[PDB]
Each structure stands twice: as structure tokens, then as C-alpha cells.
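The analysis underlying the following values was restricted to heavy atoms, covering all of them including side chains, and did not include hydrogens, waters or symmetry mates. Both ligands and their constituent atoms are indexed starting at 1 by order of listing. In this chain, residues are counted from 1 in sequence order.
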Amino acid sequence: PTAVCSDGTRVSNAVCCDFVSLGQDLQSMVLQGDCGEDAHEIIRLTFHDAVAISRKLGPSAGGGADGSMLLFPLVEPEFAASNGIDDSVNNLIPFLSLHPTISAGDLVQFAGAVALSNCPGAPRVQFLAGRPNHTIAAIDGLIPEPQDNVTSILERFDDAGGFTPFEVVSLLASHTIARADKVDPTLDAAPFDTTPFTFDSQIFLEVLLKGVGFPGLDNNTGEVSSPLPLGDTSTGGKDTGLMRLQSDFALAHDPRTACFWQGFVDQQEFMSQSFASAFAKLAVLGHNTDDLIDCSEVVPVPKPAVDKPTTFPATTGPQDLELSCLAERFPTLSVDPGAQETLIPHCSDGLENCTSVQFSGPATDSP
Ligand code: HEM
Ligand SMILES: [Ca+2]
Ligand SMILES: [Ca+2]
Ligand SMILES: [Mn+2]
Ligand SMILES: [Mn+2]
């Protein structure tokens with residue numbers, strides 16, 4: 001039966017109402033309404049928590065979206081594939097006691113939904129509640145790494161939850177708001193696209209440009225050359241140059257995924273809807289949706305997509321593209337004016353001095 005919540009929201013089930021105050025606390029205490037560092041790491045955690053599940057190995061290998069990352073913070077966060085995930089994990093642990101009617105699995109996925117809503121252009125994702133509050137730690141080896149090839153990547157997603165190559169590329173839209181802190185031991189927050197605080201299709205276009213150099217070292221595992229490597233870090237600045245993952249490069253050029261990859265370029269609505277569909281499927285891995293309840297209405301309405309069209313970043317152009325998809329012509333797009341590479345801002349407000357909430361906690365990371 002229906003009820004209305006404290007902020008006035010109509011809900012199909014009154015047990016959805018407990019998520020209202022949780023969302024408010026996630027914003028006030030961690031996310032701060034920003035599509036910033038803390039939001040990005042929390043979105044990354046939804047994937048690390050959910051994908052640790054295997055059809056072929058059976059339930060003992062992992063329970064998927066079950067909050068195992070939070071309930072066993074001394075196990076999975078410290079596996080090599082998850083180096084750096086401790087930040088999100090430690091930020092979320094306190095909410096377990098603060099909102100004890102909400103399972104760790106629900107907490108992770110709801111935090112991800114709220115985090116996404118802070119990012120201009122992101123979809124309002126489905127949110128189902130009712131994941132059980134108990135599980136066990138997954139085994140190591142279930143999380144794809146940037147050095148993995150496409151066959152491996154596709155097999156892992158298929159084994160986790162029957163994701164198709166389209167769904168995999170759709171999920172990787174998330175790298176439109178992604179940066180790397182661990183891939184290069186000399187770099188902090190190296191962005192994967194020129195708008196890491198905007199949920200747009202720049203990532204799809206920019207992975208297709210010819211690489212020309214590196215923002216840091218030239219020999220990091222899982223990293224390939226970037227088309228826009230220049231930053232201001234060599235002189236003490238925080239605007240790290242753009243980084244490209246080997247896995248993104250490979251997905252953009254593999255015959256199984258290349259057309260899906262390019263298909264999202266300058267297709268904002270198609271990209272956000274496709275991400276939303278694949279993400280909703282990721283969010284319930286390890287669960288039958290019949291055992292869950294629909295609490296989608298308590299997901300905040302996201303910031304709207306920006307006005308700006310998809311364009312070539314300064315100093316780049318269509319002549320720099322490496323195309324692989326024969327089925328669809330790459331669209332004609334404007335080029336941003338400028339003779340020099342434009343620094344990619346370290347903060348959503350365009351400055352370099354922003355700071356982020358970080359709670360201390362039991363999960364740890366390595367350099
Ligand atoms: C083949 C699959 C994937 C690979 C190889 C991969 C790899 C990576 C790597 C290497 C980083 C940088 C981590 C660091 O050094 O700090 C990263 C960050 C990130 N990942 Fe992915 N990822 C994959 C899929 C996904 C999916 C499915 C999602 C979400 C649906 C996701 C969301 C994110 C986000 C939001 C960040 C940014 C975190 C931040 O900026 O602080 N990734 N990913
Ligand atoms: Ca898990
Ligand atoms: Ca972006
Ligand atoms: Mn960190
Ligand atoms: Mn990060």
C-alpha cells in the first residue's frame with residue numbers, strides 16, 4: 001500500500017521512505033550535491049560490488065550486488081583489482097549504523113543512484129530495494145582489469161550476468177565521469193575525458209582520437225597513449241592530463257563492440273538511456289527481482305543534460321580520428337577553437353583547489 005514521505009514524495013511502498021533520509025545524509029555528509037571525486041568513486045564501487053558473481057562457479061564465488069565490499073572491508077577492497085576502492089568503501093561504512101534498516105547491498109546501489117543524479121546528463125536510474133543484509137566475501141579474480149582484452153572482458157560480463165556486448169559498452173559510458181588515481185603511481189585524478197564532471201558522450205569521441213603521448217609515465221599496465229596528455233602537474237598544478245585505458249581503446253576498435261562504441265558519439269539521450277538499462281541490470285546481480293521492491297521514486301531527479309553539443313576538444317579534429325565502424329558514418333561535429341590544449345579542470349567549478357570528504361575506515365589501499 002501507498003504512502004507519502006517526509007519530503008512529500010509519493011511511494012508505492014512505505015518502506016521506500018527510509019531511503020529519503022539516507023539520500024539526504026549521503027548528500028550532506030559525502031557527495032555534497034556534486035558530481036565530484038566522492039560521487040565518482042561511489043559509482044565505481046557499485047560495479048566492484050555487483051560484478052563479483054559467477055554463473056559458472058556458482059553462488060559460493062560471490063553474491064553480486066550484496067554489499068560484500070562493505071560487510072567484509074578487509075577482504076575484497078584489498079585484492080589488487082580493487083586497489084583504491086577503499087575510499088568509497090570507508091565513506092559508506094558509517095551509513096550502515098546510521099541507517100540500520102537498510103542493508104549494505106541496498107546502501108551501495110542507492111548511493112550510486114544518488115551519486116549519478118549529481119551529474120549533468122545522467123539518467124534517473126531504477127532502484128529496487130530488499131537485498132538481504134548478510135552475505136560473504138567474494139573470491140579474487142572476478143573484476144576486469146584495464147589490461148584485459150575484449151574476449152576476456154566480454155566473457156567476464158557474460159559470466160557475471162549475461163551482459164551482451166552492447167550492454168558492456170553501455171556500462172562503460174560511466175567513464176564519461178571517470179578519472180584514475182592508481183593506474184599511474186605518479187598521477188592523481190587523471191581524467192578519461194575532457195568533461196569528467198559531465199555525463200556526456202565526450203569519452204566515446206575522445207577514445208577514437210589518435211594517441212600522441214602520456215600524461216605521466218609511458219609504461220603503466222593497462223594504459224595506452226592519450227590524444228590530450230598535457231596538464232599542469234609538472235609545475236605543481238592539479239589539472240592532470242587526459243589518460244586512456246587499454247580496455248577502452250580495445251572496446252572502441254574490436255569488431256564486436258566498435259559500432260556500439262561509436263554509436264554513442266553525439267547521441268546523449270541514446271547513451272544515457274542505454275547506460276540506465278544496463279546499469280539497472282548490474283544493480284540487481286545476485287538477486288531475483290521478484291524478491292525486491294520498486295523504490296525508484298526516491299531516486300533524486302538528476303541535473304539536466306548540459307546545453308553544449310558534442311565537439312572536438314581544442315587542437316583536435318576529425319582528421320585525428322581512428323575509425324573502425326563501417327555501419328554508421330561518424331557525424332560532422334564542431335571543433336573547439338584554440339591553438340593549445342585546454343587544461344582539464346581538477347574540480348567541477350573549474351578551479352584546482354576543491355577538497356573531498358573522506359572518512360577514516362578499515363579498508364586500505366596500496367601505492
Ligand atoms: C572492462 C570493464 C572496466 C574496466 C577495465 C575499468 C577500469 C577502470 C580503472 C582502471 C579505473 C581507474 C581506477 C583508479 O586508478 O583510480 C576506473 C575508474 C572508474 N570506473 Fe571503470 N572499469 C570498467 C567498468 C566500469 C563500470 C561497469 C563502471 C560503472 C557502471 C565503472 C565506473 C567507474 C567510475 C565512475 C570510475 C572513476 C572513479 C573516480 O573517478 O574516482 N567502470 N575504471
Ligand atoms: Ca559484492
Ligand atoms: Ca564527460
Ligand atoms: Mn584514493
Ligand atoms: Mn578516484
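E78 contributes a side-chain N or O that, together with a main-chain N or O of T364, makes up a donor-acceptor pair within less than 3.5 Å. Between the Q32 side chain and the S28 main chain, no donor and acceptor come within less than 3.5 Å of each other. Checking side-chain atoms of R131 against main-chain N and O of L128 turns up a donor-acceptor pair under 3.5 Å. Listed for the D320 side chain is a donor-acceptor partner under 3.5 Å among the backbone atoms of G317. Within the 3.5 Å criterion, the main-chain N or O of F199 finds a donor-acceptor partner in the side chain of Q268. One N or O on the side chain of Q246 and one on the backbone of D148 form a donor-acceptor pair closer than 3.5 Å. Side-chain atoms of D159 do not come within 3.5 Å of backbone N or O of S54 as any donor-acceptor pair. One N or O on the side chain of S274 and one on the backbone of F270 form a donor-acceptor pair closer than 3.5 Å. Panel note: side chain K238, backbone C347; no donor-acceptor pair is recorded below 3.5 Å. Using a distance-only test at 3.5 Å, with no hydrogens or angles considered, a donor-acceptor pair links the side chain of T257 to the main chain of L251.
Listed by atom number, the atoms of ligand 1 under 4.0 Å from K182 heavy atoms are 14 (C), 15 (O), 16 (O). For ligand 1 and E145, the ligand atoms under 4.0 Å from any heavy atom of the residue are 5 (C). For ligand 1 and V183, the ligand atoms under 4.0 Å from any heavy atom of the residue are 10 (C), 15 (O). Of all atoms in ligand 1, numbered sequentially from 1 with element shown, those under 4.0 Å from a heavy atom of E37 are 41 (O).
Proximity of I153 to ligand 1, defined as any heavy-atom pair under 4.0 Å, is confined to the side chain (atoms from C-beta onward).
Some N or O of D181 is nearer than 3.5 Å to an N or O of ligand 1, by distance alone. In terms of polar-atom proximity, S247 is not counted as a contact of ligand 1, lacking any N or O under 3.5 Å from an N or O of the ligand. Every N/O-N/O distance between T46 and ligand 1 stays at or above 3.5 Å.
Atom 40 (O) of ligand 1 has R179 N, 2.9 Å as its closest protein atom, hydrogens excluded (heavy atom only). In terms of protein heavy atoms, atom 35 (C) of ligand 1 is closest to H40 O, 3.2 Å. In this structure, the protein non-hydrogen atom closest to atom 11 (C) of ligand 1 is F192 CZ, 3.9 Å.
Using a 30° and 60° split on the angle between ring planes, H175 and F192 fall in the tilted class, from 30° to 60°. Below 30°, between 30° and 60°, or above 60°: for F157 and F163 the angle between ring planes is above 60°, a perpendicular geometry.
Residues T310 and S201 have side chains that bring a donor and an acceptor to within less than 3.5 angstrom of each other. Counting only N and O atoms by type, the side chains of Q202 and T176 include no donor and acceptor under 3.5 Å apart. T194 and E206 form a side-chain donor-acceptor contact under 3.5 Å, judged by distance and modelled atom types alone.
The Ca ion (ligand 2) has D49 O, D49 OD1, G64 O, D66 OD1, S68 OG as its protein N, O or S neighbours under 3.0 Å. Excluding waters, the protein N/O/S atoms found under 2.8 Å from atom 21 (Fe) of ligand 1 are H175 NE2.
Sulfur-sulfur distance for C5 and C17: below 2.5 Å, consistent with a disulfide.
When the Mn ion (ligand 5) is compared with the N/O/S atoms of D181, atom OD2 turns out nearest. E41 contributes atom OE2 as its closest N/O/S atom to the Mn ion (ligand 5).
Judged by the shortest distance from any of its heavy atoms, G84 lies outside the 4.0 Å radius around the atoms of ligand 1.
Taking every heavy atom of both residues into account, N133 and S103 meet most closely at CA-CB, 3.6 Å.
Checking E37 against the Mn ion (ligand 5), an N/O/S atom falls under the 2.8 Å cut-off.
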